[PDB]
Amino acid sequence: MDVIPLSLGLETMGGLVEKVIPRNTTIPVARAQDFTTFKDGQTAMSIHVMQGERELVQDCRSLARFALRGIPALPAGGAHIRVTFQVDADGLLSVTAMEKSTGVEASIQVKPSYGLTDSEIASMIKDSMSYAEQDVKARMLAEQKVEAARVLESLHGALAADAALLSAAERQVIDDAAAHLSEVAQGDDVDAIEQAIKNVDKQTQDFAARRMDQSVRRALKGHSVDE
């Protein structure tokens, strides 16, 4: 039987490619992987199907893109999505995204079309070893950038909810730490991004504790129509 010549996967946050069906898998085949949202109330997700062996989007081949829409609005990381890749015996590729609680789904089918040459396939395979270490470093960088954005999004939500728990003075220390994280996350030093996240965490520890204290006093001792 025939096999898939290159890995098939999906773009994930940070410009990275997650492999769903590995290179050299016999066809027909189907494999799934599970994913979630990045922001509070997210109702859509972009499903960008790629082909190749390397870690960054710019180093793989873009096959197709579509969106899953109608995701129920839930806190960041709360909606559960499964994406399934199917390649039939004739090489037809179907990709389906579906959300757990409502079953909402979107799918495409992509006809086999103008191939890769055997020599371009070989070259993409060989580049993946030749740039393996650079790619490991690039993925680590990008994953730290995603973590930075994750921390910033969570702070952004907490400020939206609970700005009233901070003085303008305390709020400026936080805003300055968050602006500085946001700046260094634009560069290419992984250790610096890590230290800036740690600084945001330390500057928000009291805020996070006042938010818990508030939920606990309220649940346990009760609410006041005052505030």
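Note that residue numbering begins at 1 and tracks the sequence as displayed.
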Worksheet item: Looking only at CA atoms, which has the higher mean B factor in the entry: 77 to 85 or 104 to 112?
Response: 104 to 112
Worksheet item: Which has the higher mean CA temperature factor in the PDB entry, 185 to 193 or 44 to 52?
Response: 185 to 193
Worksheet entry | Options 198, 65, 69, 31 - largest CA temperature factor per the record | 198
Worksheet, complete the sentence: Among 57, 179, 27, 166, the highest C-alpha B-factor in the PDB entry belongs to 179
Worksheet entry | residue 99 CA temperature factor, ranked by third within the chain | lowest
Worksheet entry | CA B-factor ranking of residue 12, expressed as a third of its chain | lowest
